[PDB]
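Down below is the structure, laid out as structure tokens.
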Amino acid sequence: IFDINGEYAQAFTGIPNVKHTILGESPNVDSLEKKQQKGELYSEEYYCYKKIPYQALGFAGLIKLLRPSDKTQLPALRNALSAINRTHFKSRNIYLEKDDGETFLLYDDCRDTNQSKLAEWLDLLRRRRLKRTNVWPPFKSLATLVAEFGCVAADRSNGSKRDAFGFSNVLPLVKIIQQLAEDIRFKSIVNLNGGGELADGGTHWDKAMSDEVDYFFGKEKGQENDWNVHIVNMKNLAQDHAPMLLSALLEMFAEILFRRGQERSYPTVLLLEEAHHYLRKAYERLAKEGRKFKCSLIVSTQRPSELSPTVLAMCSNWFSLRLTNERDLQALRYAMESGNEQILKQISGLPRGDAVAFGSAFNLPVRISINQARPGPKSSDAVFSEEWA
Amino acid sequence: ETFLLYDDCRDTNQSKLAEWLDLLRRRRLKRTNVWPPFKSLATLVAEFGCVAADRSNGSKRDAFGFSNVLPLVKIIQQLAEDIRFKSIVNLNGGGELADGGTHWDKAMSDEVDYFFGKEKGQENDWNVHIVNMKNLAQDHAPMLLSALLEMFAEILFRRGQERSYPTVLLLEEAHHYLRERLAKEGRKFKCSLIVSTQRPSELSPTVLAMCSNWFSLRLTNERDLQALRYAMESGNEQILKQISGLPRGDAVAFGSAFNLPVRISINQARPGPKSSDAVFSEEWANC
Numbered sequence: 008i009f010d011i012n013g014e015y016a017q018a019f020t021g022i023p024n025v026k027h028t029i030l031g032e033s034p035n036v037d038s039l040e041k042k043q044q045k046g047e048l049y050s051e052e053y054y055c056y057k058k059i060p061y062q063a064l065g066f067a068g069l070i071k072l073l074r075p076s077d078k079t080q081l082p083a084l085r086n087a088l089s090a091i092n093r094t095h096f097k098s099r100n101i102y103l104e105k106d107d108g109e110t111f112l113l114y115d116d117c118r119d120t121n122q123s124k125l126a127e128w129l130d131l132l133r134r135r136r137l138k139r140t141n142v143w144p145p146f147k148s149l150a151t152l153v154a155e156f157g158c159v160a161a162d163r164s165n166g167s168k169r170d171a172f173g174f175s176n177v178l179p180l181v182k183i184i185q186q187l188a189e190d191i192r193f194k195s196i197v198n199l200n201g202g203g204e205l206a207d208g209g210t211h212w213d214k215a216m217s218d219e220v221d222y223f224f225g226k227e228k229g230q231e232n233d234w235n236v237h238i239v240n241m242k243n244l245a246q247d248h249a250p251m252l253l254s255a256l257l258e259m260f261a262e263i264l265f266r267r268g269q270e271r272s273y274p275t276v277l278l279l280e281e282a283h284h285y286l287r288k289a290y291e292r293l294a295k296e297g298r299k300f301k302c303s304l305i306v307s308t309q310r311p312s313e314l315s316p317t318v319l320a321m322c323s324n325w326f327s328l329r330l331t332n333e334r335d336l337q338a339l340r341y342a343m344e345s346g347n348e349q350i351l352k353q354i355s356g357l358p359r360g361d362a363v364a365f366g367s368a369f370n371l372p373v374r375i376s377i378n379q380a381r382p383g384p385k386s387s388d389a390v391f392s393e394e395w396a
Numbered sequence: 014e015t016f017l018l019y020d021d022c023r024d025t026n027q028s029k030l031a032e033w034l035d036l037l038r039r040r041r042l043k044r045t046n047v048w049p050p051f052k053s054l055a056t057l058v059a060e061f062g063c064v065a066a067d068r069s070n071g072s073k074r075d076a077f078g079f080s081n082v083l084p085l086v087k088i089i090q091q092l093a094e095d096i097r098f099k100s101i102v103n104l105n106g107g108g109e110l111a112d113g114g115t116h117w118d119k120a121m122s123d124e125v126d127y128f129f130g131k132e133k134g135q136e137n138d139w140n141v142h143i144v145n146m147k148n149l150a151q152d153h154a155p156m157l158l159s160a161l162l163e164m165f166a167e168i169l170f171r172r173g174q175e176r177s178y179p180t181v182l183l184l185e186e187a188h189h190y191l192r193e194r195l196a197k198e199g200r201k202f203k204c205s206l207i208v209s210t211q212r213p214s215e216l217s218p219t220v221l222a223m224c225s226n227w228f229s230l231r232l233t234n235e236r237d238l239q240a241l242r243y244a245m246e247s248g249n250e251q252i253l254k255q256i257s258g259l260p261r262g263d264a265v266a267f268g269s270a271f272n273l274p275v276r277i278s279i280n281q282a283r284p285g286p287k288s289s290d291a292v293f294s295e296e297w298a299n300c
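Chains A and B, in that order, give the protein sequences. For the first sequence, this note's numbering gives the first residue as 8, with consecutive numbering after it. For the second sequence, this note's numbering gives the first residue as 14, with consecutive numbering after it.
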């Protein structure tokens, strides 16, 4: 379950094998956080916390987030991303190394200190000759590599120079890298410190991508999983970063689904709420290529006109509550495949808790009065007069 | 000597760039005997669009000309790294090449011969061919499928009518990749088509209007019936009301092989096609 307002924990009070996760960081380390054993019934006294590392986005997924636009920015970013496994961070400085023991310091600004023996070191870096690391460096270190790759120039006296005209061509990218690494509401959801494991062999992106998918969506067939229902709470996430991160997660899922194949897949059901915020070429792989890999979706939204016509046309059964705007009725009429035009007229005047259902599982369309769930979601109406008296 | 080419806009031996490019354009250098990999196009385009003239009688790699060609190399690089695309197309290269200028055509002819068969006179091993397409992404469907039947048409036009077999081509889910010329003159070269689609409105009107027979099952949508009304001639309206409520396994047929429109109940095939996909209940109750 993808929960946006934090209201579905209450609805599962009494069901075994439930997990509850809150995105963010705890207000204090002293806060209560404990686990449960197998076969126990769920209660509202248990939950957990987690962040998302920046390495799980991947090589291609991190280019989308930064958006190179003009001149010499995309090649600089590619060169910087291809050299993460040979960068070191000790106290507050970024430095390279050779197989003998020599060191060399990199600088964010355009300092002239020791600017002569720079071309040789960068050329050695491109040819993959220097020494490698075994730890993930911080996210802020991408700005320095980009700046160095963009400011190197040829010196007249058979040496090297840090041109100031090369720094003008790649400045907008380092600006947003710096602005995005010191934002209060961005560093509370994404881990930008590094300090993990970095295994040799040239396959360090895939492991990072696979671990997060294994955590969030479950393991493959034949292994052991410790839960059956997962509730992901997202009440601490800002409106400005929801589309990027949620679309990134959905794009991540599809690649691991493809790699797993038909033999090692386990059927799942995904529930998406407020789908018209983050489900809007390569951003619709899951919806189209989902039937093959045993993944069903439930889409909930109040503005169907903001969904792509292709996605809405893949559904077999439809449930419709009250809907008044003509822009939505037109889209529903255009995108449907099974039904009548004599039942679309009743939607504009339905009472509360009344629905119209049609599709493959209904012999003929029916008007249904839906029951009431016990217990219901935690949703409640805010009160102002209580505290004003 | 040799000369290295770079996909960036760096500064290394860039005072003698135009002298080699102009020499290359005039075809005054060596040739090769192998196929370069597909990724090579990224460097050549950037080098062609980046050459500039320096003040002190030299060449320059200017960054102002790199912006005007950036989207193309971005598209090319973005396509060779996808795992979905490189599992369908083999872009490693390494094949042979022949002098003269015919290197483009032999491989195309061989691929068309593999897919659609050889021409008249030569023995062909298979009588019927099944091309299973289940590992192909729906994003790449309008690209790799709207190209096989275009090179097929190109070869068919040049081959001549006297050297061609007659054949039947069955297309399914046509609205994905058929949204013009092959059907215009397919009768001359014995090219017959069977189109199966569930959204007749998402097709070119010419393709539907150039058919002689029509089979129609249940069709419940107001914009999917106007296409059928337009495709056929006027003079019949009481037969269109039945389509909105036809049961399972019934169809309405009208064309040139039928004297008058008929409502038919179709027989079942034995053995039939593949049944269905996975069922959730069986796997969820295998404790």
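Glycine included, C-beta positions come from ideal geometry on N, C-alpha and C.
Subject >> Inter-residue Cα distance where the pair is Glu-40/A and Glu-32/A >> reply: As a working note, residue 40/A is residue 33 in the first sequence. As a working note, residue 32/A is residue 25 in the first sequence. Roughly 12 Å separates the two Cα atoms.
Subject >> Closer than 8 Å at the beta carbon, the chain B residues around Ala-160/A >> reply: Within the first sequence, numbered from 1, the residue matching residue 160/A stands at position 153. Here the neighbours are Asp-24.
**OP:** Could you check the C-alpha separation between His-189/B and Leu-157/B for me, to the nearest Å?
**Re:** Working through the second sequence from its first residue, we reach residue 189/B at position 176. Working through the second sequence from its first residue, we reach residue 157/B at position 144. Cα to Cα, the separation comes out at about 11 Å.
**OP:** Kindly give me the distance between the Cβ atoms of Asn-243/A and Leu-30/A, rounded to whole angstroms, as I take these residues to be in contact under 8 Å.
**Re:** One-based indexing of the first sequence puts residue 243/A at position 236. One-based indexing of the first sequence puts residue 30/A at position 23. With 8 Å as the limit, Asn-243/A and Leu-30/A qualify as a contact, their Cβ atoms being about 6 Å apart.
Subject >> Reduced DSSP secondary structure (H/G/I, E/B, other) of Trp-227/B >> reply: Locating residue 227/B in the second sequence gives position 214, counting from the first residue. Here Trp-227/B sits in strand by DSSP.
**OP:** Could you pull out every unbroken beta strand (DSSP E) segment of at least 3 residues lying fully inside the stretch 145–221 of chain B, listed in chain order?
**Re:** For the stretch 145–221 of chain B, whole beta strand (DSSP E) runs of length 3 or above, ordered along the chain, are 180–185, 204–209.
Subject >> Three or more C-beta pairs below 8 Å linking the stretch 55–67 of chain B and the stretch 113–132 of chain B >> reply: no
Original post:
Of the choices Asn-165/A, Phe-66/A, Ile-59/A, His-27/A, whose alpha-carbon is the least far from that of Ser-50/A?
Top reply: Within the first sequence, residue 50/A is the residue found at index 43, counting from 1. Cα-wise, what sits closest to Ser-50/A is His-27/A.
Original post:
Do the stretch 347–354 of chain A and the stretch 14–29 of chain B touch if we need at least three Cβ pairs shorter than 8 Å?
Top reply: no
**OP:** Note down, in chain order, each residue of its chain lying with its Cβ closer than 6 Å to the Cβ of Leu-30/B, except the 5 sequence neighbours on either side.
**Re:** Looking up residue 30/B in the second sequence gives position 17. So the list reads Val-64, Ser-72, once near-sequence residues are dropped.
Subject >> Residues of its chain near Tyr-273/A, where Cβ-Cβ distance is below 6 Å and the 5 sequence neighbours each way are ignored >> reply: Against the first sequence, residue 273/A aligns to sequence position 266. If we look at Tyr-273/A and ignore the five residues flanking it on each side, its Cβ neighbours are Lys-228.
**OP:** Would you verify that the beta carbon of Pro-82/A is, or is not, closer than 7 Å to some beta carbon of chain B?
**Re:** To locate residue 82/A, count along the first sequence from 1; it is residue 75. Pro-82/A counts as touching chain B.
Original post:
Is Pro-274/A close to chain B, meaning its C-beta is less than 7 Å from at least one C-beta of that chain?
Top reply: As a working note, residue 274/A is residue 267 in the first sequence. Yes, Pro-274/A lies at the interface with chain B (some Cβ there is under 7 Å from its Cβ).
**OP:** Check each candidate in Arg-169/A, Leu-81/A, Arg-135/A and name the one with the smallest Cα separation from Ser-123/A.
**Re:** The sequence position of residue 123/A within the first sequence is 116, counting from 1. Here the closest residue by C-alpha is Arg-169/A.
Original post:
Nearest-angstrom Cα distance between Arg-359/A and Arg-329/A?
Top reply: What you label residue 359/A is simply residue 352 of the first sequence in a count that begins at 1. What you label residue 329/A is simply residue 322 of the first sequence in a count that begins at 1. The straight-line gap from Cα to Cα measures roughly 8 Å.
**OP:** Give a yes or no on whether 7 Å exceeds the smallest Cβ distance from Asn-232/A to chain E.
**Re:** No chain E appears in the structure shown, which is made up of the protein chains A and B.
**OP:** Please name the residue in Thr-94/A, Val-181/A, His-248/A, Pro-372/A whose C-alpha comes closest to that of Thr-79/A.
**Re:** Indexing the first sequence from 1 puts residue 79/A at position 72. The residue with the shortest Cα to Cα distance from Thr-79/A is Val-181/A.
**OP:** Indicate the three-state DSSP secondary structure (helix, strand or coil) for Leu-48/A in the structure shown.
**Re:** Walking along the first sequence from the start, residue 48/A turns up at place 41. In the structure shown, the three-state DSSP call for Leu-48/A is strand.
Subject >> Closest by C-alpha distance to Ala-294/A, when choosing among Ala-368/A, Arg-134/A, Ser-315/A >> reply: As a position in the first sequence, residue 294/A is number 287, starting the count at 1. Closest by alpha carbon: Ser-315/A.
Original post:
So which residues of chain B does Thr-140/A contact, with C-beta pairs closer than 9 Å?
Top reply: Residue numbering aside, residue 140/A sits at position 133 when the first sequence is read from its first letter. Those within 9 Å of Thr-140/A in chain B number zero; the least Cβ separation is about 24 Å.
Subject >> C-alpha distance - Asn-249/B paired with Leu-259/B, whole-angstrom precision >> reply: What you label residue 249/B is simply residue 236 of the second sequence in a count that begins at 1. What you label residue 259/B is simply residue 246 of the second sequence in a count that begins at 1. Distance between the alpha carbons of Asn-249/B and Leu-259/B is about 18 Å.
Original post:
At what residues does the alpha helix (DSSP H) containing residue 397/A begin and finish?
Top reply: Only positions 8 to 396 of chain A appear in the structure, and residue 397/A is not among them; the question remains open.
Original post:
If you draw a straight line from the alpha carbon of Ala-166/B to that of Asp-237/B, how long is it in whole angstroms?
Top reply: Within the second sequence, residue 166/B is the residue found at index 153, counting from 1. Within the second sequence, residue 237/B is the residue found at index 224, counting from 1. Going from the Cα of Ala-166/B to the Cα of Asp-237/B covers about 30 Å.
Original post:
Under 7 Å between C-beta atoms, does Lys-97/A make it to chain B?
Top reply: What you label residue 97/A is simply residue 90 of the first sequence in a count that begins at 1. No, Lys-97/A does not count as interfacial toward chain B.
Subject >> 7 Å Cβ shell around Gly-268/B - same chain, five flanking residues per side excluded >> reply: Your numbering for residue 268/B matches position 255 in the second sequence. These residues qualify, in order along the chain: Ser-225, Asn-226, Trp-227.
**OP:** Would you please verify whether the beta carbon of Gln-151/B is less than 7 Å from any beta carbon of chain A?
**Re:** For the purposes of this step, residue 151/B is identified with residue 138 of the second sequence, where counting begins at 1. Yes, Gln-151/B counts as interfacial toward chain A.
Original post:
For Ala-111/B, which option in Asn-46/B, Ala-154/B, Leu-57/B, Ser-80/B has the closest C-alpha, if you only look at C-alpha atoms?
Top reply: Counting from one through the second sequence, the residue named residue 111/B turns up at place 98. Among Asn-46/B, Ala-154/B, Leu-57/B, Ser-80/B, the Cα nearest to that of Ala-111/B is on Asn-46/B.
Original post:
Based on the DSSP output, what are the partners of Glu-219/A in its beta bridges?
Top reply: Counting from one through the first sequence, the residue named residue 219/A turns up at place 212. Its beta-bridge partners do not exist; DSSP assigns none.
**OP:** State the start and end residues of the unbroken beta strand (DSSP E) segment that holds residue 401/A.
**Re:** Examination of residue 401/A is not possible in this model, given that chain A is present from 8 through 396 alone.
Original post:
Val-390/A to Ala-16/A, Cα distance in whole Å?
Top reply: Translated into positions along the first sequence, residue 390/A becomes position 383. Translated into positions along the first sequence, residue 16/A becomes position 9. Each residue's Cα considered, the two are about 22 Å apart.
Original post:
Along the stretch 213–237 of chain B, what residues have a CB closer than 8 Å to any CB found in chain A?
Top reply: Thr-233, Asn-234, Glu-235, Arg-236
Original post:
Which first and last residues belong to the alpha helix (DSSP H) in which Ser-164/A is found?
Top reply: In the first sequence, residue 164/A corresponds to position 157, counting from 1. For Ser-164/A, there is no enclosing alpha helix (DSSP H), since its DSSP letter is neither H nor E.
Original post:
Shortest alpha-carbon distance to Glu-104/A belongs to which of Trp-128/A, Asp-116/A, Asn-86/A?
Top reply: Within the first sequence, residue 104/A is the residue found at index 97, counting from 1. Nearest C-alpha to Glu-104/A: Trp-128/A.
**OP:** Output yes or no for whether 7 Å exceeds the beta carbon distance between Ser-159/B and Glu-185/B.
**Re:** The sequence position of residue 159/B within the second sequence is 146, counting from 1. The sequence position of residue 185/B within the second sequence is 172, counting from 1. No. Outside cutoff.
Subject >> Where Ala-291/B meets chain A, residues with beta-carbon distance less than 8 Å >> reply: Within the second sequence, residue 291/B is the residue found at index 278, counting from 1. Neighbours of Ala-291/B on chain A, chain order: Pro-274, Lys-301.
**OP:** Whole angstroms is fine: what's the gap from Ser-53/B's alpha carbon to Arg-44/B's?
**Re:** Indexing the second sequence from 1 puts residue 53/B at position 40. Indexing the second sequence from 1 puts residue 44/B at position 31. Answer to the nearest angstrom: the Cα atoms are 16 Å apart.
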